[PDB]
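Everything in the sequence shown is counted per the UniProt record's numbering, starting at 4 for the first residue and increasing by one. The beta carbon of each residue, even a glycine, is placed where N, CA and C say it ideally should be.
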Amino acid sequence: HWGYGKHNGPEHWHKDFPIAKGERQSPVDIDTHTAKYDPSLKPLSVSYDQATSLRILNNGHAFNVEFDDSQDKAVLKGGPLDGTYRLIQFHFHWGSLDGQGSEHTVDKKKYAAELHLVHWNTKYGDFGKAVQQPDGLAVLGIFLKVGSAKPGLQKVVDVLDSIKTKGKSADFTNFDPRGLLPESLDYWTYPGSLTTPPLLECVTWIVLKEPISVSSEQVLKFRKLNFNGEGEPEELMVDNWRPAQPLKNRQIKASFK
Ligand SMILES: O=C1Nc2c(Cl)cccc2S(=O)(=O)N1
Ligand SMILES: O=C1Nc2c(Cl)cccc2S(=O)(=O)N1
Ligand SMILES: [Zn+2]
């Protein structure tokens, strides 16, 4: 099964998922000098006030905080998007060391981690239908650097002990994802894909320019999670990131000068 090890990692994924070598794969390096300001891009609208978190799951690849997406409660609109996209889950990718972990890079710089807030286009009715469409998902990507703690992350950090191993879940209600956002919503955007199998080319990527700061202790706790199930040999959940993929025939657009 695919993963992040030497014998099942990103360089192997194309054998089961040939779209891994496709025309709009993610992540990519964001070359800040080549991204063009697009004055027709609108401000992002992030409307998370009525978000209903439900559960946190270790799925063997990351941990996902899942939301009730059966109504328009937490939605992303505006920016490059047409229509309304509903928040379904968020998760992170992170490194074994503070010098790596993000999937997107900025002028080849790797951040310590990257947050993905995953939303699906309500015109397709459900997430499974949306991933079959070129405009089915919008993923809001936020970089994490190590410095001061992020207060709004701590409730996530403190439940990770209860979902150490693959397949474990825990109740995770009343979590407010607004506490994970930076001050500015300036962003880069481009068309891409899921960054794990099935690698479907269904994502409008919206990557915020401003990172959030998390503490060394917060990210150290991410690194105590396990890829393995309970009662299996312990393999720390670290370096669960895909490296940058060829940009090919795409342009990255900036919302800001
Ligand atoms: O600014 C840069 N940051 C890097 C990081 Cl964070 C990791 C690897 C390579 C680079 S880089 O040297 O290409 N230039
Ligand atoms: O690793 C990732 N896997 C995803 C899956 Cl499986 C579903 C949707 C969005 C993502 S993601 O591209 O945001 N990052
Ligand atoms: Zn992701």
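- Between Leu-147 and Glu-117, the C-beta gap is smaller than 9 Å, which places the two residues in contact.
- Around the beta carbon of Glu-235, fewer than 16 other beta carbons lie within 10 angstroms, which makes this residue exposed.
- As summarised for the region 115-170, the continuous beta strand (DSSP E) elements at least 3 residues long and confined to that stretch are 116-124 and 140-149, given in chain order.
- The C-beta distance from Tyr-193 to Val-31 rounds to 7 Å, short enough to fall under 8 Å.
- Straight-line measurement puts the Cα of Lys-227 at about 23 Å from the Cα of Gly-182.
- Between the region 97-114 and the region 134-152, the count of Cβ pairs shorter than 8 Å is three or higher; the stretches touch.
- Sorted by chain position, residues whose beta-carbon lies closer than 5 Å to a non-hydrogen atom of ligand 1 are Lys-111, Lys-112 and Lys-113.
- Between the region 153-167 and the region 131-140 there are fewer than three inter-stretch CB-CB distances shorter than 8 Å, so the stretches are not counted as touching.
- Taking the CA atoms as reference points, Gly-232 sits about 44 Å from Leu-44.
- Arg-245 has its Cβ nearer than 8 Å to a heavy atom of ligand 2.
- Between the alpha carbons of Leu-90 and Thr-37 lies a gap of roughly 30 Å.
- The DSSP-derived three-state label of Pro-194 is strand.
- DSSP, read as helix, strand or coil, puts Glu-235 in coil.
- The beta carbon of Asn-229 lies closer than 8 Å to those of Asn-61, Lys-167, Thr-168, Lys-169, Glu-237, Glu-238, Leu-239 and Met-240 in the same chain, with the five residues before and after it left out.
- Annotation for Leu-197 indicates a beta carbon within 8 Å of some heavy atom of ligand 2.
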